[PDB]
Number of protein chains: 2
Amino acid sequence: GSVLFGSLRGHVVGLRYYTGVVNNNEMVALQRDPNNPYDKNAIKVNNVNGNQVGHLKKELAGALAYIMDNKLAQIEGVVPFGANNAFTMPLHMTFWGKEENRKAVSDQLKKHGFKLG
Amino acid sequence: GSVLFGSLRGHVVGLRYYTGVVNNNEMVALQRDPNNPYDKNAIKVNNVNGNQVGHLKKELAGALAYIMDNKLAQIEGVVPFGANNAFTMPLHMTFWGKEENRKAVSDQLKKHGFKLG
DNA sequence: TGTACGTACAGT
DNA sequence: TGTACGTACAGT
């Protein structure tokens, strides 16, 4: 069905406000938070059990919201290290979808200063 | 004459091998090192007195060599902080040139994963 | 600024 | 991995 588009890093932030435990090398789920009064483009980050860990960094969510809202790609997330950080942790992301959507995803990331590695 | 194209960060590396002193907020000069056997795209970084400080990071020089070699832009460099680092220091760069060359510079940076901020 | 934090692990 | 290093200074 869906094919791989590529990979990208970013960060989970606001760890200080949530209690959802993450382990190194563990997947996390990205879920849009459209009614967030602080950022309309907000994207929450949950652990494998559905417990919130934090949010995607503001700038990254600025890029990704359009992709998620328009079902242009499914975004997988893995935390490579620093599961025990205080404030922030790194996020390895992979984008999957229909071949015909790759350009639109690639451009939406470029428009915000991100590039599919 | 020349007009501003914009700004970009990178890093000076290999500080360990040179003795050229830099102070915070001081300009540095970029000079191509074309006969470098380790990297053909090498770009040296000198202090205001002409003493070598280090090199542009490999990836960044990969982007910039073409720009410098083809006189597409003049690149100014300022070290914002960390003049007393051990191995690496940050570099705020600004690109100046003829209006008609901006696109070519912008694209050459994109091709290597850099963007004019 | 100094320091508490994040993370690379040290040219070209 | 732990740690020596670089640098942000701590959601959305």
Side-chain angles (χ1 to χ4, degrees), chain A residues 9-20 22-25 28-47 51-65 68-69 77-92 112, chain B residues 9-20 22-25 28-47 51-65 68-69 77-92 112:
Chain A
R9 175 171 320 172
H11 304 277
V12 178
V13 300
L15 300 184
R16 171 55 58 195
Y17 305 101
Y18 310 95
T19 64
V22 156
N23 301 297
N24 296 324
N25 289 336
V28 290
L30 281 62
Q31 61 152 233
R32 276 279 284 123
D33 183 20
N35 314 127
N36 191 307
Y38 295 98
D39 189 0
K40 57 169 194 176
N41 295 145
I43 294 164
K44 292 182 209 149
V45 176
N46 306 317
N47 67 11
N51 301 128
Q52 183 169 359
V53 182
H55 276 94
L56 288 192
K57 198 151 177 303
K58 203 169 185 190
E59 287 84 357
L60 174 62
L64 264 49
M68 294 186 73
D69 289 359
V78 175
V79 169
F81 54 84
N84 192 38
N85 286 354
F87 296 125
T88 187
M89 54 179 57
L91 180 71
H92 180 202
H112 290 255
Chain B
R9 175 171 320 172
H11 304 277
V12 178
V13 300
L15 300 184
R16 171 55 58 195
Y17 305 101
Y18 310 95
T19 64
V22 156
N23 300 297
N24 296 324
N25 289 336
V28 290
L30 281 62
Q31 61 152 233
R32 276 279 284 123
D33 183 20
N35 314 127
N36 191 307
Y38 295 98
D39 189 0
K40 57 169 194 176
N41 295 145
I43 294 164
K44 292 182 209 149
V45 176
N46 306 317
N47 67 11
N51 301 128
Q52 183 169 359
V53 182
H55 276 94
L56 288 192
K57 198 151 177 303
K58 203 169 185 190
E59 287 84 357
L60 174 62
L64 264 49
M68 294 186 73
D69 289 359
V78 175
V79 169
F81 54 84
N84 192 38
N85 286 354
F87 296 125
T88 187
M89 54 179 57
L91 180 71
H92 180 202
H112 290 255

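Reckoned from all heavy atoms, side chains included, excluding hydrogens, waters and symmetry mates. The sequence lines fix the lettering, A, B, ..., with proteins before strands; numbering per chain opens at 1.
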For DNA chain C, the residues among residues 39-47 of chain A that have a non-hydrogen atom under 4.0 Å from it =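 None, since no heavy atom is under 4.0 Å.
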Measure the distance from [atom1] on [X] to [atom2] on [N] and round it to the nearest whole Å.
X: A:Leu15; N: D:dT12; atom1: CG; atom2: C1'; result: 12 Å
X: B:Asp33; N: C:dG11; atom1: CG; atom2: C1'; result: 11 Å
X: B:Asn36; N: C:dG11; atom1: CG; atom2: P; result: 14 Å
X: A:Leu30; N: D:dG11; atom1: CG; atom2: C1'; result: 14 Å
X: B:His11; N: C:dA8; atom1: NE2; atom2: P; result: 11 Å
X: A:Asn84; N: D:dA10; atom1: CG; atom2: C1'; result: 16 Å
X: A:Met89; N: C:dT7; atom1: CE; atom2: P; result: 9 Å
X: B:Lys57; N: D:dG6; atom1: NZ; atom2: P; result: 14 Å

- Would you indicate, yes or no, if C:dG11 has its OP1 or OP2 atom less than 4.0 angstrom from a side-chain nitrogen or oxygen of B:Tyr38?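 For C:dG11, OP1/OP2 do not have a side-chain N/O of B:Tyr38 under 4.0 Å.
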Nearest heavy-atom neighbours spanning B:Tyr38 and B:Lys58: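 Smallest heavy-atom distance, with atoms named: O-CE, 4.4 Å.
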Practice task
Identify the heavy atoms of A:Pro90 and A:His11 that sit nearest to each other, and give their distance.
Solution key: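 Of all heavy-atom pairs spanning A:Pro90 and A:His11, the closest is CA-ND1, 3.9 Å.
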TODO: Report the residues that fulfil salt bridge (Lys or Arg N to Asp or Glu O under 4.0 Å) with B:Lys57, sequence neighbours left out, ordered by chain and then residue number.
DONE: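 B:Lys57: salt bridge (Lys or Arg N to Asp or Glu O under 4.0 Å) contacts with B:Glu59.
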Between [atom1] on residue [X] and [atom2] on residue [Y], distance to nearest 0.5 Å:
X: B:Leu56; Y: B:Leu30; atom1: CG; atom2: CG; result: 4.5 Å
X: A:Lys40; Y: A:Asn35; atom1: NZ; atom2: CG; result: 13.0 Å
X: B:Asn41; Y: B:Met68; atom1: CG; atom2: CE; result: 11.5 Å

For this session: Find out whether B:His55 and B:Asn36 are in side-chain contact, i.e. whether some heavy atom of one side chain is under 4.5 Å from a heavy atom of the other.
Result: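 Result yes, sub-4.5 Å side-chain heavy-atom pair found.
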Exercise. Any salt bridge between B:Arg32 and B:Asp69, counting N to O under 4.0 Å?
Worked result: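 A salt bridge links B:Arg32 with B:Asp69.
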Check: Taking atom P in both D:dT12 and D:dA8, what distance in whole Å separates the two?
Finding: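 Those two atoms are separated by 16 Å.
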Next on the checklist: Measuring only the P atom in each nucleotide, how far is C:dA10 from D:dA4? A whole number of Å is fine.
Outcome noted: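 About 13 Å, rounded to a whole number of Å.
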### Task
Remember a base hit wins even if backbone is also touched, and classify B:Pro37 as base, sugar-phosphate or nothing at under 4.0 Å, heavy atoms.
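Here B:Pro37 touches no strand at all.
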* To do: Indicate, with a heavy-atom threshold strictly under 4.0 Å, whether A:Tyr18 touches base, sugar-phosphate, or nothing.
  =>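 A:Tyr18: base contact, heavy atoms under 4.0 Å.
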Which atom pairs link the protein and nucleotides 1-5 of chain C when you take only N or O atoms and keep those under 3.5 Å?
none

Non-neighbouring partners of A:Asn47 that pass side chain to side chain contact (heavy atoms under 4.5 Å, CB included), sequence neighbours left out: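 Result, side chain to side chain contact (heavy atoms under 4.5 Å, CB included) vs A:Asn47: A:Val21, A:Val22, A:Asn49, A:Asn51, A:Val53.
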Check your understanding: Out of D:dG11, C:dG11, C:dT7, which has the shortest distance to the side chain of B:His55?
Key ->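 Out of D:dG11, C:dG11, C:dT7, the nucleotide with an atom closest to B:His55's side chain is C:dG11.
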Using the criterion of both pairing distances under 3.5 Å for Watson-Crick and G-U wobble pairs, give all stems of 3 or more consecutive pairs involving DNA chain C.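 C:2-9 with D:2-9 - these are the stems of 3 or more pairs that involve DNA chain C.
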Expected list for residues 78-89 of chain A: side-chain donor-acceptor pairs under 3.5 angstrom, two or more places apart:
{"unit_1": "A:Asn85", "atom_1": "ND2", "unit_2": "A:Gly82", "atom_2": "O", "d": "3.4"}
{"unit_1": "A:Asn85", "atom_1": "ND2", "unit_2": "A:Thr88", "atom_2": "O", "d": "2.7"}
{"unit_1": "A:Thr88", "atom_1": "OG1", "unit_2": "A:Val12", "atom_2": "O", "d": "2.9"}

Over 12 foreign heavy atoms within 6.0 Å of CZ, B:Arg9
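Yes.
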